[PDB]
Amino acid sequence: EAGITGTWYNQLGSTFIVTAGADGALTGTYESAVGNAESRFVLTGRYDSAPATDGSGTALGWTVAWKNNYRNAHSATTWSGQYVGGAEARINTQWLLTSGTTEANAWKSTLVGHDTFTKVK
């Protein structure tokens, strides 16, 4: 899917390189400008490969576990959102960042936020 496939940046300055496969797969790498992260992390996700054509966005999501060969934050983020195509393509998301915690600290395990991605073009 040519629309989604490419390089994207968000408002924090983070980098999202993704390829959208014909089967609904998302694969790529993520580099965060913030947090307990350095270098590229694997991402995987899914997207609606046959979206509505009535002006609606294309639903998608992906996950990064924050372990690579250089860093392990013991955490994972999922982004859930929609791709909005056109000449000024955007991916608008909300996300959940869960850190591994003890059971007593589980109440404070999950951060929530929102990222807007702009396609480099």
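We number the residues from 1 along the sequence you see.
Annotation for 70-78 versus 85-93: the higher mean temperature factor (C-alpha) is found in 85-93. Stretches 50-58 and 26-34 differ in mean C-alpha B factor, with the higher average recorded for 50-58. Per the PDB record, residue ranking by Cα B-factor puts residue 113 in the lowest third of the chain.
In this PDB entry, residue 98 carries a Cα temperature factor that places it within the lowest third of its chain's modelled residues.
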